[PDB]
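Pasted below: start02.cif, mmCIF, C-alpha atoms.
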```cif
data_data
loop_
_atom_site.label_atom_id
_atom_site.label_comp_id
_atom_site.auth_asym_id
_atom_site.auth_seq_id
_atom_site.Cartn_x
_atom_site.Cartn_y
_atom_site.Cartn_z
CA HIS A 22 48.32 5.59 51.72
CA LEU A 23 50.53 3.51 49.41
CA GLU A 24 50.47 0.41 51.64
CA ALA A 25 49.51 -2.84 49.92
CA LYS A 26 48.90 -6.47 50.88
CA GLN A 27 50.60 -9.46 49.23
CA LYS A 28 48.45 -12.53 48.56
CA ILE A 29 50.08 -15.97 48.60
CA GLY A 30 47.00 -18.14 48.27
CA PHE A 31 43.85 -19.41 49.91
CA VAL A 32 43.25 -21.90 52.68
CA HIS A 33 42.45 -25.47 51.65
CA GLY A 34 42.36 -27.39 54.92
CA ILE A 35 42.22 -26.69 58.64
CA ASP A 36 42.73 -29.09 61.54
CA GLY A 37 42.56 -27.42 64.92
CA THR A 38 45.53 -25.10 65.18
CA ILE A 39 47.27 -26.44 62.07
CA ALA A 40 46.32 -25.43 58.56
CA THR A 41 47.30 -25.80 54.93
CA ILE A 42 47.57 -22.98 52.41
CA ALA A 43 47.18 -23.62 48.67
CA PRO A 44 48.94 -21.11 46.37
CA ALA A 45 46.88 -18.66 44.33
CA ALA A 46 49.50 -18.22 41.63
CA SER A 47 52.56 -20.09 40.53
CA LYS A 48 56.00 -18.45 40.71
CA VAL A 49 55.09 -16.87 44.04
CA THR A 50 57.46 -17.24 46.97
CA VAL A 51 56.93 -17.30 50.72
CA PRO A 52 59.94 -17.31 53.06
CA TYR A 53 60.32 -19.87 55.81
CA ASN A 54 59.25 -19.23 59.42
CA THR A 55 57.41 -16.11 58.27
CA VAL A 56 54.14 -14.96 59.74
CA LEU A 57 51.11 -14.93 57.44
CA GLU A 58 47.94 -12.86 57.75
CA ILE A 59 44.70 -14.65 57.00
CA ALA A 60 41.69 -12.63 55.83
CA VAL A 61 39.28 -13.48 58.59
CA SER A 62 36.93 -10.59 57.86
CA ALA A 63 36.79 -7.08 56.44
CA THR A 64 38.74 -5.77 59.45
CA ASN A 65 39.82 -8.74 61.57
CA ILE A 66 43.12 -10.39 60.67
CA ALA A 67 44.69 -13.57 62.01
CA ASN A 68 48.38 -14.43 62.26
CA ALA A 69 50.07 -17.71 61.50
CA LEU A 70 53.58 -19.11 61.10
CA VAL A 71 55.02 -21.39 58.44
CA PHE A 72 56.66 -24.71 59.29
CA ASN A 73 57.08 -26.35 55.87
CA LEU A 74 56.99 -25.41 52.20
CA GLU A 75 56.18 -28.26 49.83
CA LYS A 76 57.10 -29.05 46.24
CA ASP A 77 53.47 -28.52 45.23
CA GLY A 78 53.45 -24.96 46.56
CA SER A 79 51.27 -26.07 49.44
CA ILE A 80 52.31 -24.54 52.74
CA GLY A 81 51.87 -25.88 56.23
CA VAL A 82 50.90 -23.26 58.77
CA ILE A 83 50.44 -23.03 62.53
CA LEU A 84 47.56 -20.74 63.41
CA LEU A 85 48.55 -18.58 66.37
CA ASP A 86 45.39 -16.53 66.89
CA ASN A 87 41.70 -16.51 65.98
CA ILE A 88 41.56 -20.17 64.95
CA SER A 89 37.79 -20.25 65.45
CA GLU A 90 37.46 -17.57 62.78
CA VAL A 91 39.67 -19.17 60.11
CA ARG A 92 37.89 -20.90 57.23
CA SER A 93 38.74 -22.49 53.90
CA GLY A 94 37.81 -19.84 51.37
CA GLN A 95 39.69 -17.10 53.21
CA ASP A 96 42.57 -15.15 51.70
CA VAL A 97 46.12 -15.56 52.96
CA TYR A 98 48.67 -12.76 52.72
CA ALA A 99 52.37 -12.55 53.50
CA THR A 100 54.00 -9.99 55.75
CA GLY A 101 57.36 -11.13 54.39
CA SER A 102 59.13 -10.92 57.75
CA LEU A 103 59.93 -13.09 60.73
CA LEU A 104 57.60 -13.13 63.70
CA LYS A 105 58.42 -10.02 65.72
CA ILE A 106 57.07 -8.32 68.82
CA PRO A 107 57.33 -4.80 70.19
CA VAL A 108 59.93 -4.53 72.93
CA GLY A 109 61.28 -1.78 75.13
CA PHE A 110 60.75 0.02 78.40
CA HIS A 111 57.26 1.02 77.27
CA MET A 112 56.10 -2.60 77.17
CA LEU A 113 56.76 -2.89 80.91
CA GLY A 114 53.77 -2.49 83.16
CA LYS A 115 51.51 -4.04 80.52
CA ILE A 116 50.18 -7.57 80.46
CA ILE A 117 50.24 -8.70 76.84
CA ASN A 118 49.89 -11.57 74.39
CA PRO A 119 52.98 -13.28 72.94
CA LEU A 120 52.47 -11.44 69.64
CA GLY A 121 52.22 -8.09 71.41
CA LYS A 122 48.51 -7.50 71.82
CA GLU A 123 47.64 -5.87 75.12
CA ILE A 124 45.08 -7.79 77.16
CA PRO A 125 43.07 -5.14 79.05
CA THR A 126 42.17 -5.43 82.72
CA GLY A 127 39.94 -3.78 85.29
CA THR A 139 58.27 1.08 67.29
CA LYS A 140 61.20 -1.17 68.15
CA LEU A 141 60.38 -4.72 67.06
CA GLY A 142 62.44 -7.66 68.30
CA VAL B 22 33.17 -40.36 20.22
CA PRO B 23 36.65 -39.04 21.27
CA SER B 24 38.78 -37.94 18.32
CA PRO B 25 41.95 -39.93 17.52
CA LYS B 26 44.26 -36.92 17.94
CA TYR B 27 42.98 -36.25 21.46
CA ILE B 28 43.54 -39.92 22.29
CA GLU B 29 47.10 -39.77 21.01
CA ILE B 30 47.88 -36.76 23.18
CA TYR B 31 46.36 -38.41 26.25
CA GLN B 32 48.18 -41.71 25.72
CA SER B 33 51.46 -39.82 25.33
CA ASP B 34 53.33 -38.12 28.16
CA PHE B 35 52.91 -34.33 28.21
CA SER B 36 53.99 -33.75 31.82
CA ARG B 37 57.65 -33.74 30.75
CA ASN B 38 57.04 -31.39 27.79
CA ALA B 39 58.04 -27.73 27.76
CA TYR B 40 55.50 -25.08 28.75
CA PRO B 41 55.72 -21.30 28.92
CA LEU B 42 55.59 -21.20 32.80
CA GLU B 43 56.37 -23.77 35.44
CA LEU B 44 53.22 -24.70 37.34
CA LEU B 45 53.04 -25.62 41.03
CA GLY B 46 50.42 -27.89 42.51
CA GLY B 47 49.38 -31.47 42.91
CA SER B 48 47.37 -33.30 40.28
CA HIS B 49 45.20 -30.39 39.07
CA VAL B 50 48.17 -28.93 37.24
CA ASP B 51 48.29 -32.00 35.00
CA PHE B 52 44.68 -31.51 33.87
CA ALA B 53 45.45 -27.88 33.06
CA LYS B 54 48.59 -28.88 31.14
CA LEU B 55 46.53 -31.29 29.06
CA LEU B 56 44.14 -28.47 28.16
CA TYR B 57 47.12 -26.40 27.04
CA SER B 58 48.46 -29.24 24.90
CA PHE B 59 45.17 -29.41 23.03
CA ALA B 60 44.98 -25.66 22.51
CA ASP B 61 48.55 -25.46 21.22
CA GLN B 62 48.67 -28.41 18.85
CA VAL B 63 45.38 -29.22 17.12
CA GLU B 64 43.37 -26.03 17.71
CA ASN B 65 46.40 -23.89 16.73
CA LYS B 66 46.74 -21.73 19.84
CA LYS B 67 43.06 -20.77 20.04
CA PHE B 68 43.35 -20.71 23.81
CA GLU B 69 40.26 -18.60 24.55
CA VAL B 70 38.04 -21.41 23.24
CA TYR B 71 38.63 -23.40 26.40
CA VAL B 72 38.48 -20.20 28.45
CA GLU B 73 35.02 -19.73 27.01
CA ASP B 74 34.12 -23.32 27.88
CA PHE B 75 34.81 -22.70 31.56
CA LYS B 76 32.47 -19.72 31.45
CA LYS B 77 29.90 -21.80 29.60
CA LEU B 78 30.49 -24.65 32.02
CA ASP B 79 29.68 -22.41 34.97
CA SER B 80 26.29 -21.58 33.50
CA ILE B 81 25.62 -25.24 32.79
CA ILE B 82 26.47 -26.15 36.37
CA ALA B 83 23.71 -23.96 37.74
CA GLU B 84 21.10 -25.55 35.52
CA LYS B 85 22.36 -29.07 36.12
CA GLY B 86 22.67 -28.77 39.86
CA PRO B 87 25.48 -29.67 42.24
CA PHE B 88 25.71 -33.34 41.18
CA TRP B 89 26.82 -32.83 37.60
CA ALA B 90 29.74 -35.26 38.02
CA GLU B 91 27.58 -38.34 37.69
CA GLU B 92 26.29 -37.41 34.24
CA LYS B 93 28.40 -38.34 31.24
CA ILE B 94 29.82 -35.23 29.58
CA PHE B 95 30.23 -36.97 26.22
CA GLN B 96 26.48 -37.59 25.84
CA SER B 97 24.85 -34.67 27.66
CA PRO B 98 22.51 -32.15 25.98
CA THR B 99 23.78 -29.34 28.19
CA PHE B 100 27.44 -30.13 27.44
CA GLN B 101 26.79 -30.50 23.70
CA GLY B 102 27.65 -26.82 23.22
CA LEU B 103 31.13 -27.28 24.69
CA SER B 104 34.15 -28.35 22.65
CA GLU B 105 35.14 -32.01 22.38
CA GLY B 106 38.60 -31.67 23.95
CA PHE B 107 37.15 -29.98 27.01
CA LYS B 108 34.84 -32.98 27.33
CA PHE B 109 37.83 -35.31 27.11
CA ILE B 110 39.42 -33.62 30.07
CA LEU B 111 36.20 -33.57 32.06
CA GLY B 112 35.85 -37.30 31.47
CA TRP B 113 39.38 -37.96 32.66
CA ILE B 114 38.61 -35.81 35.69
CA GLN B 115 35.41 -37.75 36.32
CA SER B 116 37.31 -41.02 36.11
CA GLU B 117 39.80 -39.78 38.70
CA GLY B 118 37.23 -38.01 40.88
CA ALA B 119 38.83 -34.58 40.38
CA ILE B 120 35.65 -32.69 39.40
CA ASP B 121 35.73 -30.92 42.75
CA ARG B 122 39.15 -29.54 41.75
CA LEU B 123 37.89 -27.81 38.59
CA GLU B 124 38.24 -24.28 39.98
CA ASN B 125 41.93 -24.82 40.64
CA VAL B 126 42.25 -26.11 37.08
CA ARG B 127 40.69 -23.02 35.53
CA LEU B 128 43.05 -20.80 37.51
CA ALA B 129 46.04 -22.84 36.31
CA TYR B 130 44.89 -22.76 32.70
CA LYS B 131 44.38 -19.02 32.90
CA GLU B 132 47.95 -18.61 34.11
CA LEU B 133 49.33 -20.65 31.22
CA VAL B 134 47.22 -18.74 28.69
CA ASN B 135 48.22 -15.44 30.26
CA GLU B 136 51.85 -16.25 29.83
CA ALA B 137 51.53 -17.65 26.31
CA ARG B 138 50.11 -14.29 25.22
CA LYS B 139 52.25 -12.47 27.81
CA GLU B 140 49.17 -10.86 29.41
CA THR B 141 48.45 -10.38 33.13
CA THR B 142 44.89 -10.16 34.44
CA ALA B 143 43.84 -7.90 37.31
CA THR B 144 40.47 -7.98 39.06
CA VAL B 145 38.51 -5.01 40.40
CA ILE B 146 35.39 -5.20 42.55
CA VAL B 147 32.76 -2.46 42.84
CA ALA B 148 29.88 -2.19 45.29
CA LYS B 149 26.92 -2.28 42.89
CA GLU B 150 27.62 -0.52 39.58
CA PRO B 151 30.90 0.88 38.18
CA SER B 152 31.17 4.62 37.53
CA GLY B 153 33.31 6.14 34.80
CA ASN B 154 34.83 8.88 36.95
CA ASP B 155 35.88 6.35 39.59
CA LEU B 156 37.17 4.07 36.85
CA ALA B 157 39.36 6.84 35.41
CA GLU B 158 40.72 7.59 38.88
CA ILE B 159 41.29 3.87 39.49
CA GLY I 256 56.69 -48.52 107.31
CA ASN I 257 59.60 -49.68 105.19
CA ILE I 258 57.38 -52.25 103.48
CA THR I 259 54.84 -49.57 102.72
CA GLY I 260 57.51 -47.38 101.15
CA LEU I 261 58.76 -50.26 99.04
CA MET I 262 55.18 -50.95 98.00
CA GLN I 263 54.55 -47.37 96.89
CA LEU I 264 57.75 -47.44 94.84
CA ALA I 265 56.70 -50.76 93.32
CA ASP I 266 53.28 -49.33 92.51
CA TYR I 267 54.72 -46.22 90.86
CA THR I 268 57.12 -48.33 88.80
CA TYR I 269 54.42 -50.82 87.84
CA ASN I 270 52.02 -48.14 86.65
CA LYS I 271 54.84 -46.27 84.90
CA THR I 272 55.84 -49.41 83.02
CA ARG I 273 52.20 -50.11 82.21
CA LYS I 274 51.60 -46.69 80.68
CA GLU I 275 54.91 -46.75 78.83
CA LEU I 276 54.07 -50.14 77.35
CA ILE I 277 50.67 -48.89 76.24
CA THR I 278 52.25 -45.89 74.56
CA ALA I 279 54.86 -48.14 72.96
CA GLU I 280 52.28 -50.50 71.48
CA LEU I 281 50.30 -47.51 70.25
CA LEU I 282 53.27 -45.91 68.56
CA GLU I 283 54.19 -49.25 67.03
CA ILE I 284 50.73 -49.71 65.54
CA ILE I 285 50.60 -46.14 64.31
CA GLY I 286 54.07 -46.60 62.85
CA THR I 287 53.19 -49.73 60.90
CA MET I 288 49.98 -48.08 59.73
CA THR I 289 51.85 -44.90 58.84
CA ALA I 290 54.37 -46.89 56.82
CA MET I 291 51.54 -48.59 54.94
CA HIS I 292 50.04 -45.18 54.20
CA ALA I 293 53.45 -43.98 53.01
CA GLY I 294 53.56 -46.92 50.60
CA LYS I 295 50.73 -45.38 48.55
CA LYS I 296 51.63 -43.59 45.31
CA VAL I 297 50.39 -40.12 44.34
CA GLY I 298 50.42 -40.76 40.57
CA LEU I 299 47.37 -40.16 38.41
CA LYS I 300 47.46 -43.66 36.87
CA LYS I 301 45.37 -42.41 33.96
CA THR I 302 43.47 -44.93 31.82
CA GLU I 303 41.10 -44.78 28.86
CA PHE I 304 37.43 -44.40 29.80
CA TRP I 305 35.95 -44.74 26.29
#
```

As structure tokens, how would this structure be written, given the file I've shared?
Amino acid sequence: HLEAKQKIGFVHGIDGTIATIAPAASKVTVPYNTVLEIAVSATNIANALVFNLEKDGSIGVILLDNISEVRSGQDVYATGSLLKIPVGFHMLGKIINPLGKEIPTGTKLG
Amino acid sequence: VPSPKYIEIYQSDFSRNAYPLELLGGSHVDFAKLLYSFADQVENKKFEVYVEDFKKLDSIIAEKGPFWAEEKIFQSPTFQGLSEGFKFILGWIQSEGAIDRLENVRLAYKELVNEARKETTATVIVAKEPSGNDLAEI
Amino acid sequence: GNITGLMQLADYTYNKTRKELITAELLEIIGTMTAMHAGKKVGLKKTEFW
């Protein structure tokens, strides 16, 4: 209802899994080792982790998922938190991705 | 054809001068800072002039085609309408091959202008045509 | 049988040293090249064009 998305810039370069994010606005801050959400499409969203923050505001990023979908003009938003996954008894019995996505077959974040 | 005052600003160092906001980036920020120096000193803070030039420049680009770098801005009938200081910066950009970085420059210049007037710009996108009732709710 | 075993150890060590030397020469060349690339300035170096 009130939920909003925070934009830190656009992509400038991609090389395989690695990527570079150019800031949209000065005096914007991204914390280190935080996951970032790239605007792949109207509904699809990627996820990617920082590894360095440069003097120029440019940000190095490791793309964790949906690398084939990432492009240069795409938006980049900040979750503002470390990379976390759901954990608990409920996760048992379920094959999953590292991030937490369930891979199909035939609340507490750690 | 460049004016002596513009030459004096370019020959001098403006990177170490004070500006309303600190700007982050590579080399595009320097082009934007030069635009601001012109608008503050000789044009007497008529910032929107250059903001108009960018708009005008966009239209010119479409008529010129994608390879508008190669043409000289200082003697170009299409660029005659634009202001001389804007041409100075485009020529410096052309000399350094930064013309592909112009969009980053216009964003930087807009941020500096926005601070100098202490104004923040927000963008809204509609599907086809805006409606007044939706605008009032927005 | 003992000579065979010695020969297989010698072959493993020879090929290991060969690959390690190839990697070492590669990392040397990339290092000298990388240093040369690092010795390039990022300044605008602006000059008059009129």

Explicit residue set for the PyMOL selection byres ((chain B) within 9 of (chain A)), as a ChimeraX atom specification:
/B:42-47,125,128-129,132

Please identify all polymer residues within 12 Å of residue 118 of chain B, counting all atoms listed in the file, omitting same-chain residues fewer than 2 positions from it, and present them as a list in words.
residues 48, 49, 90, 91, 110, 111, 112, 113, 114, 115, 116, 120, 121, 122 and 123 of chain B; 299 and 301 of chain I

Starting from the point (33.0, -23.3, 19.7), work out which residues of protein, DNA or RNA have an atom no more than 10 Å away when counting all atoms listed in the file; state them as a list in words.
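Output of the proximity query reads residues 69, 70, 71, 73, 74, 102, 103, 104 and 105 of chain B.
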
Calculate how many Å separate atom CA of residue 25 of chain B from atom CA of residue 298 of chain I, rounding to one decimal.
24.6 Å

Could you check how far atom CA of residue 80 of chain A sits from atom CA of residue 42 of chain A, in Å to one decimal?
5.0 Å

Give me the residues near residue 88 of chain A as a PyMOL selection string, where near means some atom within 8 Å (using all atoms listed in the file) and where sequence neighbours in that chain fewer than 6 positions away do not count.
chain A and resi 37-38+67

Separation of atom CA of residue 269 of chain I from atom CA of residue 284 of chain I in Å:
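Separation between atom CA of residue 284 of chain I and atom CA of residue 269 of chain I: 22.6 Å.
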
Hey, can you pull every residue with an atom no more than 7 Å from (42.5, -28.9, 34.7), using only C-alpha atoms, and send it as a PDB file with C-alpha atoms, in the coordinates of the input?
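Result file is point.pdb:
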```
ATOM      1  CA  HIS B  49      45.200 -30.390  39.070  1.00  0.00           C
ATOM      2  CA  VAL B  50      48.170 -28.930  37.240  1.00  0.00           C
ATOM      3  CA  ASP B  51      48.290 -32.000  35.000  1.00  0.00           C
ATOM      4  CA  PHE B  52      44.680 -31.510  33.870  1.00  0.00           C
ATOM      5  CA  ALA B  53      45.450 -27.880  33.060  1.00  0.00           C
ATOM      6  CA  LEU B  56      44.140 -28.470  28.160  1.00  0.00           C
ATOM      7  CA  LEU B 123      37.890 -27.810  38.590  1.00  0.00           C
ATOM      8  CA  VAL B 126      42.250 -26.110  37.080  1.00  0.00           C
ATOM      9  CA  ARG B 127      40.690 -23.020  35.530  1.00  0.00           C
ATOM     10  CA  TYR B 130      44.890 -22.760  32.700  1.00  0.00           C
TER      11      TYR B 130
END
```

Any idea what's packed within 8 Å of residue 102 of chain A, counting only C-alpha atoms, ignoring anything in its chain fewer than 3 positions away? Could you give it as an mmCIF file with C-alpha atoms, in the coordinates of the input?
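Writing the result to around31.cif gives the following:
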```cif
data_model
loop_
_atom_site.group_PDB
_atom_site.id
_atom_site.type_symbol
_atom_site.label_atom_id
_atom_site.label_comp_id
_atom_site.auth_asym_id
_atom_site.auth_seq_id
_atom_site.Cartn_x
_atom_site.Cartn_y
_atom_site.Cartn_z
ATOM 1 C CA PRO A 52 59.940 -17.310 53.060
ATOM 2 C CA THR A 55 57.410 -16.110 58.270
ATOM 3 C CA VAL A 56 54.140 -14.960 59.740
#
```

Find the spatial neighbours of residue 63 of chain B, counting all atoms listed in the file, within a cut-off of 12 Å - ignore same-chain residues fewer than 6 positions away - and output them as a PyMOL selection string.
chain B and resi 24-27+29-30+56-57+105-106

Distance criterion (all atoms listed in the file): nearest to chain I out of B:117, B:34, B:92, B:84
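Closest to chain I of all the choices is B:117.
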
I'd like the contact shell of segment 113-120 of chain A - 12 Å cut-off, only C-alpha atoms, skipping same-chain residues fewer than 4 positions apart - returned as a ChimeraX atom specification.
/A:56,67-70,85-86,103-109,124-127,141-142

Residue nearest chain I - candidates B:95, B:59, B:89, B:100, atoms counted: only C-alpha atoms
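Among B:95, B:59, B:89, B:100, it is B:95 that comes nearest to chain I.
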